[PDB]
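We use all heavy atoms of the structure for the numbers below, so side chains are in, but hydrogens, waters and symmetry mates are not. Here is how names work: the chains are called A, B, and so on, in the same order as the sequence lines, proteins then strands, and each is numbered from 1.
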Amino acid sequence: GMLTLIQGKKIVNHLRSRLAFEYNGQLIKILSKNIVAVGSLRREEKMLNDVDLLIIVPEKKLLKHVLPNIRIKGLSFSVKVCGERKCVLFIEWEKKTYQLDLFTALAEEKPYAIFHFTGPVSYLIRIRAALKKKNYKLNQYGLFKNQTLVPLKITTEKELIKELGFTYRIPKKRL
DNA sequence: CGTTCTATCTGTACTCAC
DNA sequence: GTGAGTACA
DNA sequence: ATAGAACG
Ligand SMILES: Nc1nc2c(ncn2[C@H]2C[C@H](O)[C@@H](COP(=O)(O)OP(=O)(O)OP(=O)(O)O)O2)c(=O)[nH]1
Ligand SMILES: [Mn+2]
Ligand SMILES: [Mn+2]
């Protein structure tokens, strides 16, 4: 069911202090600095088809556990699909049902994953096609050339975009 | 030779063979 | 266990 | 962003 930008932000704000995962007995809280709003919400589209959240996980050992044992305090939801990297929930928010999409990235993948999950799709396609012509492959995990991770000296998304030789635009204006 | 239109990526989760 | 086909991020 | 194709 479709939702407004404002509704999207209220939901994300509510989830931001309430996400956790079960890890061998212990309930472990997910920190706010590891929750990044992505998709059309980040791009500030007036109407959203869903809410898209990227979760930064500190260790590779945790991937088996975070999404598959995801917990949301005081909220009822069902699980449509769930793996280590993509989880789709249907959540009850103020008597209505909405789609929440959760994705995981490792610290070293962060800027690549924010770039990828921010979209929009058409932007990603043209950017990736251009890199492909110069014999590179870009995905949510990194920049690859001949199946080898290229070690870029970069922390943020903005640094990545510039490093790739493309114009930086705020998410609202990417196309 | 300029204008305008067109096309283009990459990977995850689930199901169902065999 | 692996590969193909679908749906969808 | 880039480059090819149709059109002028
Ligand atoms: N490379 C790539 N990335 C995608 C694709 N589909 C989705 N994504 C990424 C970029 C999107 O902004 C992000 C979320 O996808 P959604 O389908 O939720 O679309 P988005 O939120 O942009 O709009 P919407 O949900 O319809 O309001 O995931 C795809 O086909 N290819
Ligand atoms: Mn979305
Ligand atoms: Mn989504």
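- Taking atom CZ of residue A/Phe115 and atom P of nucleotide B/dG11, one finds them 15 Å apart after rounding to whole Å.
- Comparing atom distances between the A/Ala129 side chain and each of B/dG11, B/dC9, B/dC14 picks out B/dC9 as nearest.
- Here B/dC9 presents its P atom at 15 Å from NE2 of A/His116, a figure rounded to the nearest Å.
- Atom pair A/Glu84:CD and B/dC14:P shows a separation of 11 Å (rounding to whole Å applied).
- Taken to the nearest 0.5 Å, the CG atom of A/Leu131 stands 10.5 Å off from the CZ atom of A/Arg126.
- Note on A/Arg169: only backbone sugar-phosphate atoms sit closer than 4.0 angstrom, heavy atoms only; bases stay farther off.
- For A/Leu102 and B/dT12, the CG to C1' distance is 14 Å, given to the nearest whole Å.
- Residue-level contact check: A/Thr167 touches the backbone only, with heavy atoms under 4.0 Å from sugar-phosphate atoms and none from bases.
- The side chain of A/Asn139 lies closest to B/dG11 when the candidates are C/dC8, D/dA3, B/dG11.
- Classification of A/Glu44 and A/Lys173 as a salt-bridged pair fails, no side-chain N sitting under 4.0 Å from a carboxylate O.
- One interatomic measurement links the two molecules: OH of A/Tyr123 to P of B/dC9, which rounds to 16 Å at whole-angstrom precision.
- The nearest whole Å value for the distance from the CZ atom in A/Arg85 to the P atom in B/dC14 is 15 Å.
- The residue from A/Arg43, A/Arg174, A/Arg42 that alone fulfils the side-chain hydrogen bond (donor to acceptor under 3.5 Å, both in side chains) condition with A/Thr118 is A/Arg42.
- Between the CD1 atom of A/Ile125 and the P atom of D/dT2 there is a distance of 18 Å, rounded to whole Å.
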